[PDB]
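Coming up is one lone chain in structure tokens, specifically the form deposited in one PDB entry.
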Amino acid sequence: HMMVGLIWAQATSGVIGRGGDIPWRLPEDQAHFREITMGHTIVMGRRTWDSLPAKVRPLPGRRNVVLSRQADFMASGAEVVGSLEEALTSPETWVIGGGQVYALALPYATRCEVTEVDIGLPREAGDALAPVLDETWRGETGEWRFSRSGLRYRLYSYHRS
């Protein structure tokens, strides 16, 4: 049984953070992200891996896998694979970005963990949007919470079988 999960953070506009490209300051999201993914395999694209801050490259305490079709691409502290199917060896796999990988992994996913940030961030050219969730996703919607940054945010935990 190879369970796939997706986890991301988005503005209310749907615009998602990708790797180190995160425009909002929301410290609690990192603790939330770590609580979900710790002790599991995490899968990310090349562009996401590249945009990671060097201090968190690779991400500590987790089996890092990078999805790249470029055959010459290497990355210290992570396993590179050329197919998403090859990355889903573990019993629980979390896909952590970016947009292209989300879309590839979405048909396989049975869980989505979403952080929505209450911040004005219009869609602009080059921005990735959150994967669209259809009526198959069963979801518990969290209450707006105030971050110590001053921003409001809430947690969505979606699932399907």
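By rigid core we mean the largest C-alpha set that fits within 1.5 Å across both forms. Residues that one form lacks are left out of the comparison. Heads up: residue numbers just count along the shown sequence, starting at 1.
> Taking the mean of the C-alpha B-factors per stretch from the entry, tell me the winner out of 22-30 and 53-61.
According to the PDB entry, the answer is 53-61.
> With reference to the PDB entry, specify whether the mean Cα temperature factor is higher for 38-46 or for 106-114.
So the stretch with the higher mean C-alpha B-factor is 38-46.
> So where's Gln70 on the chain's Cα temperature factor ranking, which third?
Answer is highest: the recorded C-alpha B-factor places it there.
> Can you tell me whether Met2 has a C-alpha B-factor in the lowest, middle or highest third compared with the other modelled residues of the same chain?
Ranked within chain, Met2 CA B lands in the highest tercile.
> What third of its chain, lowest, middle or highest, does the C-alpha temperature factor of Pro131 fall into?
Its C-alpha B-factor belongs to the lowest third of this chain's values.
> Would you please rank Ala125 by its C-alpha temperature factor against the other modelled residues of its chain and give the third it falls in: lowest, middle or highest?
For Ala125, whose C-alpha B-factor we compare with every modelled residue in the chain, the answer is the highest third.
Beyond the structure shown, there is the form deposited in another entry, which is absent from this document and is the topic of what follows.
> Does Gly14 shift between this form and the one not shown by 2 angstroms or more at the C-alpha, the core having been superposed?
Comparing forms between this form and the one not shown, the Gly14 CA shifts below 2 Å.
> Would one find the Cα atoms of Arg18 and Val80 closer or farther in that other deposited form than in this form, where their distance changes by 3 Å or more?
Compared with the form shown here, the C-alpha atoms of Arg18 and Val80 sit farther apart in that other deposited form, by 3 Å or more.
> Having a change of 3 Å or more in the C-alpha distance between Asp127 and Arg18, I'd like to know whether it is closer or farther in that other deposited form than in the form here.
Relative to this form, closer in that other deposited form.
> Are there runs of at least three residues between this form and the one not shown whose C-alphas all move 2 Å or more relative to the rigid core, and where are they?
Residues 17-20, 53-56 form the shifted runs.
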